[PDB]
Amino acid sequence: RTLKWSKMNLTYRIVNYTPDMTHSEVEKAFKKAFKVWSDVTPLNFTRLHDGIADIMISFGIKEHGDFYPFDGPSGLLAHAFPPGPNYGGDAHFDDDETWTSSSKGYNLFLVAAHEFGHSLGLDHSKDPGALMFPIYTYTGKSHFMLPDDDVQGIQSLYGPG
Ligand SMILES: NCCNS(=O)(=O)c1ccc(-c2ccc(CSc3nc4c(c(=O)[nH]3)CCC4)cc2)cc1
Ligand SMILES: [Ca+2]
Ligand SMILES: [Ca+2]
Ligand SMILES: [Zn+2]
Ligand SMILES: [Zn+2]
């Protein structure tokens with residue numbers, strides 16, 4: 001046995017938005033991020049506008065209400081908790097960073113896909129070409145294809161769709 005969600009139908013809520021991007025650009029970016037995993041697993045993700053959801057996403061700075069505070073510009077950038085109740089599964093992004101949909105700063109989609117991998121029970125990868133490798137890089141690929149090391153890893157938890 002490993003650590004994982006018992007249900008295949010998960011809900012997320014975007015609690016607050018970063019000033020660095022428009023509501024629509026944020027929402028598009030996170031939705032594409034969950035799709036990364038939904039496409040290769042039986043998992044399904046639906047967004048809630050209110051109330052408590054399984055994966056609760058928020059932006060914040062410094063001491064933000066958990067034992068893992070951010071540090072301002074540079075340094076740490078996001079973290080997410082493994083599956084479980086309450087804080088379990090949630091994702092936090094440091095809003096002293098610069099979030100973008102481009103080549104500049106941290107690309108919010110890529111970092112969300114990474115952080116959501118942790119939310120589903122994945123650990124970091126040893127393959128520098130994985131999405132779950134602990135070092136951020138931006139490859140500027142024409143379109144994004146989820147690398148094989150990570151499709152293997154998430155499927156070990158949930159199986160193919
Ligand atoms: N517990 C340590 C936390 N350190 S952290 O907060 O500073 C941190 C560090 C790195 C990442 C992070 C690392 C890698 C990625 C993904 S990199 C990437 N993968 C792929 C492509 C690409 O262009 N870039 C193409 C396909 C796979 C995202 C976030 C997140 C938080
Ligand atoms: Ca930081
Ligand atoms: Ca939660
Ligand atoms: Zn946090
Ligand atoms: Zn990570």
# chains A, B, ... in the order shown; residues from 1 in each chain; ligands from 1
$ residues_around --residues "residue 39 in chain A" --least-positions-apart "4" --cutoff "9 Å" --atoms "only C-alpha atoms" --output "MDAnalysis selection string"
chainID A and resid 34:35 43:44 160:161
$ residues_around --residues "residue 97 in chain A" --least-positions-apart "4" --cutoff "7 Å" --atoms "only C-alpha atoms" --output "list in words"
residues 73, 74 and 77 of chain A
$ residues_around --residues "range 142-158 of chain A" --least-positions-apart "3" --cutoff "9 Å" --atoms "only C-alpha atoms" --output "ChimeraX atom specification"
/A:2-5,8,36-37,40-43,117,120-122,125,127,129-132,161
$ residues_around --residues "range 50-52 of chain A" --least-positions-apart "3" --cutoff "12 Å" --atoms "only C-alpha atoms" --output "PyMOL selection string"
chain A and resi 10-16+47+55-57+85-87+90
$ write_last_selection --atoms "N, CA and C atoms" --output "CSV table (one decimal), in the first residue's frame"
chain,number,residue,atom,x,y,z
A,10,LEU,N,-12.5,14.3,-7.6
A,10,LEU,CA,-11.9,15.3,-6.7
A,10,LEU,C,-12.4,16.7,-7.1
A,11,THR,N,-12.5,17.6,-6.1
A,11,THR,CA,-12.9,18.9,-6.3
A,11,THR,C,-11.8,19.9,-5.8
A,12,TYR,N,-11.6,20.9,-6.6
A,12,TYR,CA,-10.7,22.0,-6.2
A,12,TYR,C,-11.4,23.4,-6.2
A,13,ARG,N,-10.9,24.3,-5.5
A,13,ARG,CA,-11.4,25.7,-5.4
A,13,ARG,C,-10.2,26.6,-5.5
A,14,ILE,N,-10.3,27.7,-6.3
A,14,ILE,CA,-9.3,28.7,-6.3
A,14,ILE,C,-9.7,29.8,-5.4
A,15,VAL,N,-9.1,29.9,-4.2
A,15,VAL,CA,-9.5,30.7,-3.1
A,15,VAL,C,-9.3,32.2,-3.4
A,16,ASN,N,-8.0,32.5,-3.8
A,16,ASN,CA,-7.7,33.9,-4.1
A,16,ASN,C,-6.7,33.9,-5.4
A,47,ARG,N,-14.3,22.1,-10.4
A,47,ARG,CA,-14.0,23.3,-9.6
A,47,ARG,C,-15.2,23.8,-8.9
A,55,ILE,N,-8.9,19.7,-3.0
A,55,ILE,CA,-7.6,20.4,-3.2
A,55,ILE,C,-8.0,21.9,-3.2
A,56,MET,N,-7.6,22.6,-2.1
A,56,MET,CA,-7.8,24.0,-2.0
A,56,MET,C,-6.6,24.8,-2.3
A,57,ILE,N,-6.7,25.6,-3.3
A,57,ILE,CA,-5.5,26.3,-3.9
A,57,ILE,C,-5.6,27.8,-3.4
A,85,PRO,N,-7.2,14.6,4.9
A,85,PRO,CA,-8.2,15.6,5.3
A,85,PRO,C,-7.7,16.9,5.6
A,86,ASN,N,-8.6,17.9,5.4
A,86,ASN,CA,-8.3,19.3,5.8
A,86,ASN,C,-7.1,19.8,4.9
A,87,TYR,N,-6.0,20.1,5.5
A,87,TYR,CA,-4.8,20.6,4.8
A,87,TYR,C,-4.4,19.6,3.7
A,90,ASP,N,-4.0,20.2,-0.3
A,90,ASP,CA,-4.0,21.6,-0.7
A,90,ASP,C,-2.6,22.1,-1.3
$ atom_distance --atom1 "CA of residue 124 in chain A" --atom2 "atom 24 (N, counted along the ligand's line) of ligand 1"
13.5 Å
$ closest_residue --among "A:112, A:48, A:21, A:76" --to "ligand 1" --atoms "only C-alpha atoms and all ligand atoms"
A:76
$ residues_near_ligand --ligand "ligand 5" --cutoff "7 Å" --atoms "only C-alpha atoms and all ligand atoms" --output "PyMOL selection string"
chain A and resi 79+114-115+118+124+132+134
$ closest_residue --among "A:108, A:61, A:80, A:113" --to "ligand 2" --atoms "only C-alpha atoms and all ligand atoms"
A:61
$ closest_residue --among "A:104, A:92, A:141, A:7" --to "residue 20 in chain A" --atoms "only C-alpha atoms"
A:104
$ residues_near_ligand --ligand "ligand 4" --cutoff "8 Å" --atoms "only C-alpha atoms and all ligand atoms" --output "list in words"
residues 60, 64, 65, 66, 67, 68, 69, 70, 78, 79, 80, 91, 92 and 93 of chain A
$ write_last_selection --atoms "N, CA, C and O atoms" --output "compact mmCIF listing (two decimals), in the first residue's frame"
# COMPACT_ATOMS: atom_id res chain seq x y z
N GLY A 60 -0.29 33.19 -1.36
CA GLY A 60 0.01 33.88 -0.11
C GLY A 60 1.49 34.10 0.06
O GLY A 60 2.31 33.57 -0.70
N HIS A 64 1.68 32.14 6.33
CA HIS A 64 0.34 32.15 5.74
C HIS A 64 -0.63 31.15 6.37
O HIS A 64 -1.72 30.95 5.83
N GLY A 65 -0.28 30.53 7.48
CA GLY A 65 -1.19 29.69 8.21
C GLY A 65 -0.91 28.19 8.22
O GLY A 65 -1.81 27.42 8.52
N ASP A 66 0.32 27.77 7.92
CA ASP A 66 0.77 26.39 8.06
C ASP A 66 2.22 26.42 8.52
O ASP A 66 2.87 27.46 8.47
N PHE A 67 2.75 25.28 8.89
CA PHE A 67 4.11 25.27 9.42
C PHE A 67 5.19 25.58 8.38
O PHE A 67 6.37 25.61 8.76
N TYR A 68 4.86 25.82 7.11
CA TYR A 68 5.84 25.94 6.03
C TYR A 68 5.79 27.32 5.38
O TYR A 68 5.33 27.45 4.24
N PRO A 69 6.29 28.36 6.06
CA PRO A 69 6.06 29.71 5.55
C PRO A 69 6.94 30.00 4.36
O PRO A 69 8.03 29.46 4.20
N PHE A 70 6.47 30.91 3.52
CA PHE A 70 7.28 31.34 2.42
C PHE A 70 8.27 32.40 2.89
O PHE A 70 8.27 32.83 4.05
N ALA A 78 6.46 27.21 -4.27
CA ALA A 78 5.15 26.62 -4.00
C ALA A 78 5.33 25.37 -3.17
O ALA A 78 6.42 24.79 -3.12
N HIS A 79 4.26 24.93 -2.52
CA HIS A 79 4.22 23.61 -1.90
C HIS A 79 2.77 23.13 -1.86
O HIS A 79 1.83 23.92 -1.93
N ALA A 80 2.62 21.81 -1.76
CA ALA A 80 1.32 21.17 -1.74
C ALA A 80 1.36 19.98 -0.81
O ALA A 80 2.39 19.32 -0.67
N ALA A 91 -2.70 23.17 -2.07
CA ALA A 91 -1.54 23.72 -2.77
C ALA A 91 -1.39 25.22 -2.50
O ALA A 91 -2.36 25.97 -2.58
N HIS A 92 -0.18 25.64 -2.16
CA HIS A 92 0.12 27.03 -1.84
C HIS A 92 1.19 27.58 -2.76
O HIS A 92 2.22 26.95 -2.97
N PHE A 93 0.97 28.77 -3.30
CA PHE A 93 1.93 29.37 -4.21
C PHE A 93 2.41 30.68 -3.60
O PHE A 93 1.59 31.45 -3.09
$ select_by_dssp --residues "chain A" --states "alpha helix (DSSP H)" --output "PyMOL selection string"
chain A and resi 23-38+108-119+148-158
$ write_last_selection --atoms "N, CA, C and O atoms" --output "compact mmCIF listing (two decimals), in the first residue's frame"
# COMPACT_ATOMS: atom_id res chain seq x y z
N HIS A 23 -7.93 36.67 -13.91
CA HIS A 23 -8.69 35.55 -13.36
C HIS A 23 -8.72 34.43 -14.38
O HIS A 23 -8.42 33.27 -14.07
N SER A 24 -9.00 34.78 -15.62
CA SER A 24 -9.16 33.77 -16.65
C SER A 24 -7.85 33.05 -16.93
O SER A 24 -7.83 31.83 -17.07
N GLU A 25 -6.74 33.78 -16.95
CA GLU A 25 -5.46 33.12 -17.19
C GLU A 25 -5.10 32.17 -16.06
O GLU A 25 -4.48 31.13 -16.29
N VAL A 26 -5.43 32.54 -14.81
CA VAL A 26 -5.18 31.64 -13.68
C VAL A 26 -6.03 30.39 -13.80
O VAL A 26 -5.52 29.26 -13.74
N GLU A 27 -7.34 30.57 -13.98
CA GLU A 27 -8.27 29.45 -14.07
C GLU A 27 -7.91 28.53 -15.22
O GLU A 27 -7.99 27.31 -15.08
N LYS A 28 -7.56 29.10 -16.37
CA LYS A 28 -7.14 28.26 -17.48
C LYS A 28 -5.91 27.46 -17.10
O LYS A 28 -5.81 26.27 -17.43
N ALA A 29 -4.98 28.08 -16.37
CA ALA A 29 -3.69 27.46 -16.09
C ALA A 29 -3.83 26.28 -15.14
O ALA A 29 -3.19 25.24 -15.35
N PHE A 30 -4.62 26.44 -14.08
CA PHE A 30 -4.87 25.35 -13.14
C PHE A 30 -5.66 24.23 -13.80
O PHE A 30 -5.37 23.05 -13.57
N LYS A 31 -6.68 24.57 -14.59
CA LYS A 31 -7.48 23.53 -15.24
C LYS A 31 -6.62 22.68 -16.16
O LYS A 31 -6.69 21.45 -16.12
N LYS A 32 -5.77 23.31 -16.97
CA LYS A 32 -4.83 22.55 -17.79
C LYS A 32 -3.90 21.71 -16.91
O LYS A 32 -3.44 20.64 -17.32
N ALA A 33 -3.63 22.16 -15.69
CA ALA A 33 -2.73 21.44 -14.80
C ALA A 33 -3.35 20.15 -14.31
O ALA A 33 -2.68 19.11 -14.27
N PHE A 34 -4.62 20.19 -13.90
CA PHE A 34 -5.27 18.96 -13.47
C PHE A 34 -5.46 18.02 -14.64
O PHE A 34 -5.35 16.79 -14.49
N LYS A 35 -5.75 18.57 -15.83
CA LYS A 35 -5.92 17.75 -17.02
C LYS A 35 -4.70 16.88 -17.28
O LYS A 35 -4.84 15.76 -17.79
N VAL A 36 -3.51 17.36 -16.91
CA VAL A 36 -2.29 16.58 -17.09
C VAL A 36 -2.44 15.18 -16.50
O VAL A 36 -2.06 14.18 -17.13
N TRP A 37 -3.03 15.09 -15.32
CA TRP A 37 -3.19 13.83 -14.62
C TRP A 37 -4.50 13.14 -14.99
O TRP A 37 -4.52 11.91 -15.14
N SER A 38 -5.57 13.90 -15.21
CA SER A 38 -6.84 13.29 -15.59
C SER A 38 -6.72 12.51 -16.90
O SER A 38 -7.42 11.52 -17.09
N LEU A 108 2.96 29.40 -14.29
CA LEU A 108 2.05 28.92 -13.26
C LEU A 108 1.50 27.54 -13.58
O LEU A 108 1.33 26.71 -12.67
N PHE A 109 1.22 27.26 -14.85
CA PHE A 109 0.77 25.92 -15.26
C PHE A 109 1.77 24.84 -14.87
O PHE A 109 1.42 23.87 -14.18
N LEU A 110 3.03 24.98 -15.31
CA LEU A 110 4.04 23.95 -15.04
C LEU A 110 4.19 23.72 -13.54
O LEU A 110 4.29 22.57 -13.09
N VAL A 111 4.29 24.79 -12.77
CA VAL A 111 4.46 24.65 -11.34
C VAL A 111 3.21 24.02 -10.71
O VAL A 111 3.31 23.28 -9.72
N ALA A 112 2.02 24.34 -11.23
CA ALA A 112 0.82 23.71 -10.70
C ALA A 112 0.78 22.21 -11.00
O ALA A 112 0.44 21.40 -10.13
N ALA A 113 1.07 21.83 -12.25
CA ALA A 113 1.15 20.41 -12.58
C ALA A 113 2.11 19.68 -11.64
O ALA A 113 1.80 18.60 -11.13
N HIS A 114 3.29 20.26 -11.42
CA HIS A 114 4.23 19.71 -10.44
C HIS A 114 3.56 19.60 -9.08
O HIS A 114 3.47 18.53 -8.49
N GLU A 115 3.07 20.72 -8.57
CA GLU A 115 2.56 20.73 -7.21
C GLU A 115 1.34 19.82 -7.06
O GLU A 115 1.17 19.19 -6.01
N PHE A 116 0.49 19.74 -8.09
CA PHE A 116 -0.66 18.83 -8.04
C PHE A 116 -0.23 17.36 -8.03
O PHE A 116 -0.91 16.53 -7.41
N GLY A 117 0.89 17.02 -8.68
CA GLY A 117 1.46 15.69 -8.51
C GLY A 117 1.67 15.34 -7.05
O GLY A 117 1.31 14.24 -6.60
N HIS A 118 2.20 16.28 -6.26
CA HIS A 118 2.34 16.05 -4.83
C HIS A 118 0.97 15.89 -4.17
O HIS A 118 0.81 15.10 -3.23
N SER A 119 -0.02 16.66 -4.62
CA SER A 119 -1.36 16.60 -4.05
C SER A 119 -1.99 15.24 -4.22
O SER A 119 -2.85 14.85 -3.42
N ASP A 148 7.25 10.35 -19.71
CA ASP A 148 6.90 8.97 -19.40
C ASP A 148 7.19 8.60 -17.94
O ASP A 148 6.51 7.72 -17.39
N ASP A 149 8.20 9.19 -17.32
CA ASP A 149 8.49 8.81 -15.95
C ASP A 149 7.30 9.11 -15.04
O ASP A 149 7.00 8.34 -14.12
N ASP A 150 6.60 10.20 -15.31
CA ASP A 150 5.50 10.62 -14.45
C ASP A 150 4.19 9.91 -14.77
O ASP A 150 3.42 9.62 -13.85
N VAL A 151 3.93 9.60 -16.05
CA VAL A 151 2.75 8.81 -16.35
C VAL A 151 2.86 7.44 -15.71
O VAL A 151 1.87 6.90 -15.20
N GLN A 152 4.07 6.88 -15.67
CA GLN A 152 4.27 5.62 -14.96
C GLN A 152 3.99 5.78 -13.47
O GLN A 152 3.31 4.94 -12.86
N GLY A 153 4.47 6.87 -12.88
CA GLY A 153 4.34 7.06 -11.44
C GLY A 153 2.90 7.26 -11.01
O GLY A 153 2.45 6.64 -10.04
N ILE A 154 2.17 8.15 -11.69
CA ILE A 154 0.80 8.40 -11.28
C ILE A 154 -0.07 7.18 -11.56
O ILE A 154 -1.00 6.89 -10.79
N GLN A 155 0.24 6.42 -12.62
CA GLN A 155 -0.55 5.24 -12.92
C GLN A 155 -0.31 4.15 -11.89
O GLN A 155 -1.23 3.37 -11.60
N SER A 156 0.90 4.08 -11.32
CA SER A 156 1.13 3.12 -10.25
C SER A 156 0.16 3.35 -9.11
O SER A 156 -0.17 2.42 -8.38
N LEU A 157 -0.32 4.57 -8.95
CA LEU A 157 -1.28 4.85 -7.90
C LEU A 157 -2.72 4.61 -8.32
O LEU A 157 -3.51 4.11 -7.52
N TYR A 158 -3.11 5.05 -9.53
CA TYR A 158 -4.51 5.04 -9.96
C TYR A 158 -4.83 4.22 -11.20
O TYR A 158 -6.02 4.01 -11.47
$ select_by_dssp --residues "range 2-158 of chain A" --states "strand (DSSP E)" --output "PyMOL selection string"
chain A and resi 9-14+44-47+55-60+78-80+91-94+99-100+106-107
$ write_last_selection --atoms "N, CA and C atoms" --output "mmCIF file, in the first residue's frame"
data_model
loop_
_atom_site.group_PDB
_atom_site.id
_atom_site.type_symbol
_atom_site.label_atom_id
_atom_site.label_comp_id
_atom_site.auth_asym_id
_atom_site.auth_seq_id
_atom_site.Cartn_x
_atom_site.Cartn_y
_atom_site.Cartn_z
ATOM 1 N N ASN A 9 -13.099 11.044 -7.927
ATOM 2 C CA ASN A 9 -13.725 12.325 -8.244
ATOM 3 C C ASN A 9 -13.376 13.363 -7.191
ATOM 4 N N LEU A 10 -12.476 14.275 -7.571
ATOM 5 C CA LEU A 10 -11.913 15.282 -6.689
ATOM 6 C C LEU A 10 -12.416 16.669 -7.076
ATOM 7 N N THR A 11 -12.491 17.561 -6.091
ATOM 8 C CA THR A 11 -12.917 18.935 -6.310
ATOM 9 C C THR A 11 -11.830 19.885 -5.826
ATOM 10 N N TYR A 12 -11.578 20.938 -6.611
ATOM 11 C CA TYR A 12 -10.686 22.013 -6.209
ATOM 12 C C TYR A 12 -11.379 23.366 -6.248
ATOM 13 N N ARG A 13 -10.879 24.295 -5.458
ATOM 14 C CA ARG A 13 -11.379 25.662 -5.420
ATOM 15 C C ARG A 13 -10.201 26.611 -5.485
ATOM 16 N N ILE A 14 -10.307 27.650 -6.306
ATOM 17 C CA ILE A 14 -9.289 28.695 -6.333
ATOM 18 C C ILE A 14 -9.741 29.774 -5.366
ATOM 19 N N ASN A 44 -10.874 12.523 -12.010
ATOM 20 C CA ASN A 44 -11.689 13.600 -12.544
ATOM 21 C C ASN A 44 -11.682 14.765 -11.579
ATOM 22 N N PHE A 45 -11.618 15.980 -12.111
ATOM 23 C CA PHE A 45 -11.505 17.169 -11.277
ATOM 24 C C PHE A 45 -12.568 18.191 -11.645
ATOM 25 N N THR A 46 -13.329 18.663 -10.656
ATOM 26 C CA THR A 46 -14.319 19.711 -10.896
ATOM 27 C C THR A 46 -14.109 20.860 -9.912
ATOM 28 N N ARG A 47 -14.313 22.089 -10.399
ATOM 29 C CA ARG A 47 -13.973 23.285 -9.642
ATOM 30 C C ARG A 47 -15.187 23.778 -8.860
ATOM 31 N N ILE A 55 -8.875 19.695 -2.956
ATOM 32 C CA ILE A 55 -7.629 20.405 -3.177
ATOM 33 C C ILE A 55 -7.954 21.890 -3.151
ATOM 34 N N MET A 56 -7.564 22.578 -2.086
ATOM 35 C CA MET A 56 -7.836 24.002 -1.976
ATOM 36 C C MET A 56 -6.585 24.811 -2.270
ATOM 37 N N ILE A 57 -6.657 25.606 -3.339
ATOM 38 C CA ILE A 57 -5.529 26.344 -3.896
ATOM 39 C C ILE A 57 -5.625 27.784 -3.445
ATOM 40 N N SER A 58 -4.515 28.342 -2.968
ATOM 41 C CA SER A 58 -4.484 29.747 -2.580
ATOM 42 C C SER A 58 -3.082 30.305 -2.788
ATOM 43 N N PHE A 59 -3.021 31.621 -3.037
ATOM 44 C CA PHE A 59 -1.778 32.389 -3.101
ATOM 45 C C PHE A 59 -1.549 33.098 -1.771
ATOM 46 N N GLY A 60 -0.289 33.193 -1.357
ATOM 47 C CA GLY A 60 0.005 33.884 -0.113
ATOM 48 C C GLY A 60 1.490 34.096 0.057
ATOM 49 N N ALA A 78 6.457 27.208 -4.270
ATOM 50 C CA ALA A 78 5.146 26.624 -3.996
ATOM 51 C C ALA A 78 5.332 25.366 -3.169
ATOM 52 N N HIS A 79 4.255 24.929 -2.523
ATOM 53 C CA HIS A 79 4.216 23.610 -1.902
ATOM 54 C C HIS A 79 2.775 23.128 -1.857
ATOM 55 N N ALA A 80 2.621 21.813 -1.756
ATOM 56 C CA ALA A 80 1.320 21.175 -1.738
ATOM 57 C C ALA A 80 1.356 19.979 -0.809
ATOM 58 N N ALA A 91 -2.701 23.170 -2.066
ATOM 59 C CA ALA A 91 -1.541 23.720 -2.767
ATOM 60 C C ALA A 91 -1.390 25.216 -2.498
ATOM 61 N N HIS A 92 -0.176 25.640 -2.159
ATOM 62 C CA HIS A 92 0.115 27.030 -1.843
ATOM 63 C C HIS A 92 1.189 27.583 -2.764
ATOM 64 N N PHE A 93 0.973 28.771 -3.297
ATOM 65 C CA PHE A 93 1.932 29.366 -4.212
ATOM 66 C C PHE A 93 2.411 30.680 -3.596
ATOM 67 N N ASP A 94 3.736 30.908 -3.582
ATOM 68 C CA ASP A 94 4.331 32.112 -2.979
ATOM 69 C C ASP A 94 4.084 33.329 -3.868
ATOM 70 N N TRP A 99 4.376 35.067 -11.313
ATOM 71 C CA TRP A 99 3.677 33.990 -11.994
ATOM 72 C C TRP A 99 3.279 34.458 -13.380
ATOM 73 N N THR A 100 3.543 33.617 -14.373
ATOM 74 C CA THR A 100 3.293 33.965 -15.753
ATOM 75 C C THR A 100 2.747 32.762 -16.491
ATOM 76 N N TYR A 106 8.123 32.270 -13.120
ATOM 77 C CA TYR A 106 7.645 30.904 -12.998
ATOM 78 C C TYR A 106 6.344 30.721 -13.771
ATOM 79 N N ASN A 107 6.324 29.753 -14.668
ATOM 80 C CA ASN A 107 5.125 29.464 -15.438
ATOM 81 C C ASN A 107 4.102 28.739 -14.547
#
$ atom_distance --atom1 "atom 22 (C, counted along the ligand's line) of ligand 1" --atom2 "CA of residue 136 in chain A"
7.3 Å
$ closest_residue --among "A:133, A:159, A:103, A:63" --to "ligand 1" --atoms "only C-alpha atoms and all ligand atoms"
A:133
$ atom_distance --atom1 "atom 25 (C, counted along the ligand's line) of ligand 1" --atom2 "CA of residue 128 in chain A"
10.1 Å
$ closest_residue --among "A:126, A:102, A:82, A:54" --to "ligand 3" --atoms "only C-alpha atoms and all ligand atoms"
A:54
$ closest_residue --among "A:140, A:75, A:84, A:89" --to "ligand 2" --atoms "only C-alpha atoms and all ligand atoms"
A:75
